[PDB]
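Undergrad: Shown below is the structure under consideration.
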Amino acid sequence: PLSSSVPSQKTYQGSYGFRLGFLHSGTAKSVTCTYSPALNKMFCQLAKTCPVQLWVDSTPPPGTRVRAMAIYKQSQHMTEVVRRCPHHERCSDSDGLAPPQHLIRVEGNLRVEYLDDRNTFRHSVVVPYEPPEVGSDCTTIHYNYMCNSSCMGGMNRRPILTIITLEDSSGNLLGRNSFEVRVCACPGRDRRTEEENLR
Ligand SMILES: [Zn+2]
């Protein structure tokens, strides 16, 4: 439906120095997920792994959680809840955990939680924060987008952002960053073209 609210998209690094990182994968036609620093935009395939890295200068307490949420980028669509198209809503798609209409899933984590906000109508997915490996600099979450940017009845060629928030056990904001996302068939190919846009 239509949300009444619009989520905040402002970058906020906060106490813990919270930032996002991405694999630098290139644009070889074979790559399924590649990020463009120029456009601050992730190019990913339908249902393929999209790794997103959490980087903190300071370790947040335990019980901290990581939420991901999609919104439309253009002003005239902001109040519209990003949601899978009817075809992929009805698809034999289920991973056993995720609601059939959420765009964003997390793979590899039985502690995942999915939320239909009963006041705003917004979809989000939440996982526990885990500190990096001893000897790693970052935490990695594997995200899946289950509906193409092309799908009419869904996003229908309108751009989206993903909003990653850091929250504490009670849900208070600890930090926030964001990136654009396009779910296509040719991520390597469509990034180099869009990076060719710009110049
Ligand atoms: Zn779809």
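Residues in the structure tokens are named by chain (A, B, ... in the order shown) and by number from 1 within that chain; ligands are numbered from 1 in the order shown.
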From a backbone DSSP assignment, name each residue in chain A labelled strand (DSSP E or B), as a ChimeraX atom specification.
TA: /A:2,12,19-21,33-36,41-45,50-55,65-72,80,104-106,113-116,123-128,134,136,139-145,160-167,173-184
Undergrad: All residues within 8 Å of ligand 1 are required, counting only C-alpha atoms and all ligand atoms; please report them as a list in words.
TA: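 Result of the 8 Å neighbour search around ligand 1: residues 84, 85, 86, 87, 88, 89, 146, 147, 148, 149, 150, 151, 152, 153 and 154 of chain A.
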Undergrad: Those same residues - C-alpha atoms - I'd like them written as an mmCIF file, in the first residue's frame.
TA:
```cif
data_model
loop_
_atom_site.group_PDB
_atom_site.id
_atom_site.type_symbol
_atom_site.label_atom_id
_atom_site.label_comp_id
_atom_site.auth_asym_id
_atom_site.auth_seq_id
_atom_site.Cartn_x
_atom_site.Cartn_y
_atom_site.Cartn_z
ATOM 1 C CA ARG A 84 7.877 -8.123 -4.668
ATOM 2 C CA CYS A 85 5.703 -8.275 -7.766
ATOM 3 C CA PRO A 86 2.686 -10.646 -7.834
ATOM 4 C CA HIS A 87 4.524 -13.156 -10.037
ATOM 5 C CA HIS A 88 7.438 -13.524 -7.620
ATOM 6 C CA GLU A 89 5.038 -13.191 -4.699
ATOM 7 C CA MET A 146 14.151 -11.676 -4.965
ATOM 8 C CA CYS A 147 12.596 -9.339 -7.531
ATOM 9 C CA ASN A 148 14.180 -7.598 -10.548
ATOM 10 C CA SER A 149 14.215 -3.827 -11.008
ATOM 11 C CA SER A 150 12.520 -4.581 -14.336
ATOM 12 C CA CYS A 151 9.476 -6.432 -12.944
ATOM 13 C CA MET A 152 6.263 -4.608 -13.746
ATOM 14 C CA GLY A 153 3.791 -4.916 -10.942
ATOM 15 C CA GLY A 154 6.767 -4.384 -8.640
#
```
Undergrad: Which residues of range 40-74 of chain A come within 12 Å of range 94-108 of chain A, and what is each one's closest atom pair and distance in Å (one decimal), counting only C-alpha atoms, sorted by chain and residue number, as CSV?
TA:
```
residue,atom,partner,partner_atom,distance
A:46,CA,A:103,CA,10.2
A:47,CA,A:105,CA,8.8
A:48,CA,A:107,CA,9.8
A:49,CA,A:107,CA,8.0
A:50,CA,A:106,CA,9.4
A:51,CA,A:106,CA,9.9
A:52,CA,A:106,CA,10.7
A:66,CA,A:106,CA,10.9
A:67,CA,A:106,CA,10.4
A:68,CA,A:104,CA,7.5
A:69,CA,A:104,CA,7.4
A:70,CA,A:104,CA,7.8
A:71,CA,A:103,CA,10.4
```
Undergrad: List every residue of chain A that DSSP, applied to the backbone of this structure, assigns to helix (DSSP H, G or I), and report them as a list in words.
TA: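 Helix (DSSP H, G or I) members of chain A, listed: residues 75, 76, 77, 86, 87, 88, 89, 187, 188, 189, 190, 191, 192, 193, 194, 195, 196 and 197 of chain A.
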Undergrad: Dump C-alpha atoms for the selected residues as a short mmCIF file (atom, residue, chain, number, x, y, z; two decimals), in the first residue's frame?
TA:
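Result went into part37.cif, see below:
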```
data_model
loop_
_atom_site.label_atom_id
_atom_site.label_comp_id
_atom_site.auth_asym_id
_atom_site.auth_seq_id
_atom_site.Cartn_x
_atom_site.Cartn_y
_atom_site.Cartn_z
CA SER A 75 10.48 11.63 -4.44
CA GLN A 76 7.13 10.74 -6.02
CA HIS A 77 7.38 7.08 -4.93
CA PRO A 86 2.69 -10.65 -7.83
CA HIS A 87 4.52 -13.16 -10.04
CA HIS A 88 7.44 -13.52 -7.62
CA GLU A 89 5.04 -13.19 -4.70
CA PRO A 187 25.29 -6.74 -13.31
CA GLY A 188 28.83 -6.55 -14.64
CA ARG A 189 27.45 -5.42 -18.00
CA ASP A 190 24.88 -2.96 -16.71
CA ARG A 191 27.34 -1.31 -14.28
CA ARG A 192 29.97 -0.56 -16.94
CA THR A 193 27.19 0.92 -19.12
CA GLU A 194 25.76 2.99 -16.27
CA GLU A 195 29.27 3.97 -15.26
CA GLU A 196 29.51 5.10 -18.90
CA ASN A 197 26.32 7.19 -18.32
#
```
Undergrad: Leaving out residue 172 in chain A and any residue of its chain fewer than 6 positions from it, which residues lie within 12 Å of it when counting only C-alpha atoms, given as a list in words?
TA: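 That gives residues 14, 63, 64, 65, 66, 67, 165 and 166 of chain A.
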Undergrad: At a cut-off of 12 Å, using only C-alpha atoms, what residues contact residue 117 in chain A? Leave out same-chain residues fewer than 5 positions from it and give the result as number ranges by chain.
TA: A: 3-5, 69, 81, 102, 122-125
Undergrad: Could you check which of A:53, A:162, A:109, A:120 is closest to residue 182 in chain A, using only C-alpha atoms?
TA: A:162
